[PDB]
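Protein chains in written order, with the authors' numbering: chain B, 2 to 13; chain A, 16 to 34, 37 to 67, 69 to 125, 127 to 130, 132 to 183, 184A, 184 to 187, 188A, 188 to 204, 209 to 217, 219 to 220, 221A, 221 to 245. We put the CB at the ideal spot given by N, CA and C, even for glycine. First up is the structure itself, then whatever we jot down about it.
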Amino acid sequence: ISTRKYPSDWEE
Amino acid sequence: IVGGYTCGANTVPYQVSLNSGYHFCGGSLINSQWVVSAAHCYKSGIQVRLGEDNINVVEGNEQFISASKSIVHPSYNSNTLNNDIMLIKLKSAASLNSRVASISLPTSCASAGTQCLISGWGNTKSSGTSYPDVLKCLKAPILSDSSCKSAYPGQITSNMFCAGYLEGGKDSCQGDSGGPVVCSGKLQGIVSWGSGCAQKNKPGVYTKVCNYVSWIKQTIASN
Ligand SMILES: [Ca+2]
């Protein structure tokens, strides 16, 4: 599962 | 969007950009005061940017409106991604016009094999990164439930569907989250997740909007 928010889900 | 094409300015007039000093997610305008996006796109202080094509240049048709309310589904789960839907209320109503227009909600769920239009400002590479200035578009089919579950064993709930191409090369990607999957002129999906982007046997996974139409209307009526 990798969400598709920019730049990434984890990066925020 | 990987493997897509340049939509053309304001050809997807329900597409919005959610902005926090940078584009981070898409969304879909469903009436003059409300946007549908993904719950995992929630953040305070969002500015909704409507009428966009080139998100880095002022072209003249933009409306920038702050979010006044954000309402994540009550049963959203950030681990499983189940119920990955959010409603954003605009501080003031958008001025609807040829470049800023609502998308209709579904009256029934869509079927496997129906070609849908997916759009956004997300990454255009399956390996590495290339972020576009202008809106990108992709035509992709809804996959069968059984193929979707085979691709992501144990992870597909009744509130998700897969769309795309099992050979790879054509998919949504980071920066597309929250944006629309439109089929037969209705909003059937919200960009949610996948393993990588545009990888073989790893199709995009989308929130199944038809399961939430009563919740959406009830939430709009009461907020
Ligand atoms: Ca612009």
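Beta-carbon spacing of residue i, residue j below 9 Å
{"i": "residue 133 of chain A", "j": "residue 5 of chain B", "result": "no"}
{"i": "residue 171 of chain A", "j": "residue 18 of chain A", "result": "no"}
{"i": "residue 15 of chain A", "j": "residue 31 of chain A", "result": "A query on residue 15 of chain A cannot be resolved here, the shown segment of chain A reaching from 16 to 245 and no further."}
{"i": "residue 181 of chain A", "j": "residue 235 of chain A", "result": "no"}
{"i": "residue 213 of chain A", "j": "residue 138 of chain A", "result": "yes"}
{"i": "residue 156 of chain A", "j": "residue 20 of chain A", "result": "yes"}
{"i": "residue 89 of chain A", "j": "residue 105 of chain A", "result": "yes"}
{"i": "residue 51 of chain A", "j": "residue 107 of chain A", "result": "yes"}
{"i": "residue 47 of chain A", "j": "residue 59 of chain A", "result": "no"}
{"i": "residue 201 of chain A", "j": "residue 119 of chain A", "result": "no"}
{"i": "residue 24 of chain A", "j": "residue 77 of chain A", "result": "yes"}
{"i": "residue 81 of chain A", "j": "residue 69 of chain A", "result": "yes"}
{"i": "residue 98 of chain A", "j": "residue 177 of chain A", "result": "yes"}
{"i": "residue 193 of chain A", "j": "residue 40 of chain A", "result": "yes"}
Short CB-CB distance (under 9 Å) between residue i and chain B
{"i": "residue 57 of chain A", "result": "yes"}
{"i": "residue 151 of chain A", "result": "yes"}
{"i": "residue 13 of chain A", "result": "The requested residue 13 of chain A is not part of the displayed model; chain A covers only 16 to 245."}
{"i": "residue 237 of chain A", "result": "no"}
{"i": "residue 219 of chain A", "result": "yes"}
{"i": "residue 145 of chain A", "result": "no"}
{"i": "residue 60 of chain A", "result": "yes"}
{"i": "residue 99 of chain A", "result": "yes"}
{"i": "residue 213 of chain A", "result": "yes"}
{"i": "residue 194 of chain A", "result": "yes"}
{"i": "residue 135 of chain A", "result": "no"}
{"i": "residue 181 of chain A", "result": "no"}
{"i": "residue 226 of chain A", "result": "yes"}
Enclosing beta strand (DSSP E) for residue i [first to last residue]
{"i": "residue 215 of chain A", "result": "204-216"}
{"i": "residue 201 of chain A", "result": "198-201"}
Per DSSP, the bridge partner or partners of residue i
{"i": "residue 52 of chain A", "result": "A/46 and A/106"}
{"i": "residue 157 of chain A", "result": "A/20 and A/139"}
{"i": "residue 66 of chain A", "result": "A/32 and A/82"}
{"i": "residue 228 of chain A", "result": "A/181 and A/213"}
{"i": "residue 235 of chain A", "result": "Residue 235 of chain A pairs with nothing; no bridge assigned."}
{"i": "residue 72 of chain A", "result": "Answer by DSSP bridge pairing: none, since residue 72 of chain A is not bridged."}
{"i": "residue 189 of chain A", "result": "A/17"}
{"i": "residue 162 of chain A", "result": "A/183"}
{"i": "residue 221 of chain A", "result": "A/224"}
{"i": "residue 4 of chain B", "result": "A/215"}
{"i": "residue 115 of chain A", "result": "A/118"}
Uninterrupted beta strand (DSSP E) stretches inside the stretch 84-108 of chain A (no shorter than 3 residues): 104-108
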